[PDB]
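[1] coords below, sequence missing:
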């Protein structure tokens with residue numbers, strides 16, 4: 001879970017600071033031992049392990065956003081009335097927005113935590129000023145989408161009500177054809193069961 005990761009990052013960075021102190025100076029035991037070339041190579045392994053966790057969403061933030069941007073691009077198209085076909089394609093974006101709007105808001109909470117918990121147990125800033133700007137840069141579009149979508153839903157409804165009339169009319173036609181096909185198939189499946197060979201081979 002996304003709170004467990006948070007806790008692991010904070011523990012891993014307590015582990016860094018502990019490991020750094022821990023190497024300790026050149027300790028003498030009859031012969032002199034130098035741990036200076038090792039201490040460095042631990043810190044190298046340590047940083048890589050910490051990086052993965054800190055870089056976990058670094059990649060995903062770009063790929064999420066990249067996916068989040070199209071949803072915006074979809075909205076930027078717009079237009080009211082005009083061709084019926086454009087709606088059919090545009091309508092699906094509303095159906096995906098609703099399910100997203102709900103499930104994304106749930107997934108929005110721990111993603112925000114995911115940024116903050118790194119900042120706490122990462123002294124170094126990731127992408128410098130870019131990462132704080134992106135959070136602000138997402139929030140605005142997210143709000144802009146939620147306004148544009150509510151405008152679309154209102155228009156969507158008026159016309160999809162005209163479609164929801166043509167859907168049933170077409171649906172009744174198809175359902176009637178489907179039921180007829182359901183019956184014919186149940187006749188054909190019964191025919192092969194009724195027919196007993198009895199000796200007879202191959203033809204069965």
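    Here it is on my side, so go on. Numbers count the residues shown, from 1 in each chain.
[2] how about the residue nearest the centre of the chain, what does it touch?
    In the chain, the residue lying closest to the centroid (Cα atoms, centre = their mean) is residue 64, at 6.5 Å. Listed by Cβ atoms under 8 Å, 6 or more residues apart in numbering, the contact set of residue 64 reads 57, 111. No exception for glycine: its C-beta is placed from N, CA and C like everyone else's.
[3] tell me which helix or strand comes right after the helix or strand harbouring it.
    Secondary structure from DSSP states H and E places residue 64 in helix 56-77. On the C-terminal side of helix 56-77, the closest following helix or strand by DSSP H and E is helix 84-120.
[4] which other helices and strands contact that following helix?
    Here helix 84-120 touches helix 2-22, helix 56-77, helix 130-194, going by 3 or more Cβ pairs under 8 Å, 6 or more residues apart in numbering; DSSP states H and E.
[5] how about it: buried residues?
    For helix 84-120, the neighbour count (16 or more other Cβ atoms under 10 Å) marks 87, 90, 93-94, 97, 100, 111, 114, 117-118 as buried.
[6] from these, which single one is nearest residue 75?
    residue 93 (7.5 Å; Cβ to Cβ).
[7] what sits against that closest one?
    71, 74-75, 152.
[8] swap in residue 136?
    Here residue 136 is in contact with no residue (Cβ under 8 Å, 6+ apart).
[9] make sure residue 6 is actually in contact with residue 115.
    No: at 10.3 Å, residue 6 and residue 115 do not qualify as touching, with contact defined as Cβ atoms under 8 Å.
[10] what's the local residue count around residue 30?
    Residues contacting residue 30 under the criterion other Cβ atoms under 10 Å number 5.
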